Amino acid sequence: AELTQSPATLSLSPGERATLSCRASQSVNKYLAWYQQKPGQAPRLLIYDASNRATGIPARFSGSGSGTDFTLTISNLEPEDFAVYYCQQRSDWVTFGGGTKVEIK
């Protein structure tokens, strides 16, 4: 099962809303996680099972979608939110997308 992340780069300003898309090659139902990776650091789980926030994750991070169309929303962007975000599916073993670099301008 393959994951396509769009856009490759998403440049926004603080306070703006980030809409990240993850598309699955086959249906993965709700078995999708989203991670944040700040540079030189390891991924941090943000969302699991498409929409559930992980422990200590701000409300501004919201997950949505099912089957093949999934979305990570970072409403009210904060400068610290600049990272590459990855989606990972667990339905057909383990695969991650290519990342979306979120730049803060």
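Don't overthink the numbering: it's just position in the shown sequence, from 1.
Compared with the other modelled residues of the chain, the Cα B-factor recorded for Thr9 ranks in the middle third. Among the modelled residues of the chain, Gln36 sits in the lowest third by CA temperature factor in this PDB entry.
Among the modelled residues of its chain, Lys30 has a C-alpha B-factor that falls in the middle third, as given in the PDB entry. For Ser21, the recorded CA temperature factor ranks within the lowest third of the chain's modelled residues. In this PDB entry, the Cα temperature factor of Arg44 sits in the bottom third of its chain's modelled residues, the lowest group.
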